[PDB]
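Below is one structure; the comments refer to it alone.
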Amino acid sequence: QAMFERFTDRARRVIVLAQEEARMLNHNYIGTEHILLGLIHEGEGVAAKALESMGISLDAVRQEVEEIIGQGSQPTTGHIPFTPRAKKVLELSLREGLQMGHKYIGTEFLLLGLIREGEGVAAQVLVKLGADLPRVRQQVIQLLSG
């Protein structure tokens, strides 16, 4: 959460949107799936440009995530905590950033963090759509160059 000092405005906004996505589905946790939904919803950063560059539809990503996770049965108004794997995505995102010389990270690194996490809904969707780690890293390098 000191972590969020190294997130850009848009990446912070993705995390706010993730919490909204969880509420919209009556999920009482913010999982990898919700971070990905937030990311595609925001739709205007480097992550979104990376997906579109690869021929992956943002609408397709939402449909695949929403199909897997469906609807919860825990409406809440409280703070919605992150799942342990969602917290790991955030940590991983910072390290994806540092590997490319970015201390302050935008949405491209949340995308890479999602994928690097490997095991959750987000990674499963993205890998199945062809956004695997090596390919998205290459895309992001291209969009950051230089």
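For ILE30, the residues whose modelled amide H falls within less than 5 Å of its own, excluding neighbours fewer than 5 places apart on the same chain, are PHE82, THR83. Summing charges over all other residues whose Cβ lies under 12 Å from the Cβ of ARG85, with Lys and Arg as +1 and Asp and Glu as -1, gives -1. Relative contact order of the chain, taken over Cα pairs closer than 8 Å and 6 or more residues apart, is 30 percent. Amide H to amide H, with H built 1.01 Å from N, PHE7 comes under 5 Å of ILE105, counting only residues 5 or more places away or on other chains. Assuming charge only on the beta carbon of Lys and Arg (+1) and of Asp and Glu (-1), the dipole of segment 1-95 about its Cα centre is about 440 debye to the nearest 20. Seen from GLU66, the other residues with C-beta closer than 13 Å to its C-beta sum to a net charge of -4, counting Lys and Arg as +1 and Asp and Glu as -1. Counting neighbouring Cβ atoms within 10 Å and putting the fewest first, the residues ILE30, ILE35, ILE68 line up as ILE68, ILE30, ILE35. Each of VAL61, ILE35, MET100 was placed along the dipole of the chain (beta-carbon charges, centred on the mean Cα), and the one lying farthest toward the positive end is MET100.
The Rg/Rh ratio of the chain, with Rg taken over Cα atoms and Rh as the Kirkwood radius over Cα pairs, comes to 0.94.
Just so you know, all these numbers are worked out from the coordinates, no wet-lab data involved. Here the Cβ is made from the backbone with ideal geometry for all residues, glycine too, and neighbour counts use every protein chain on show.
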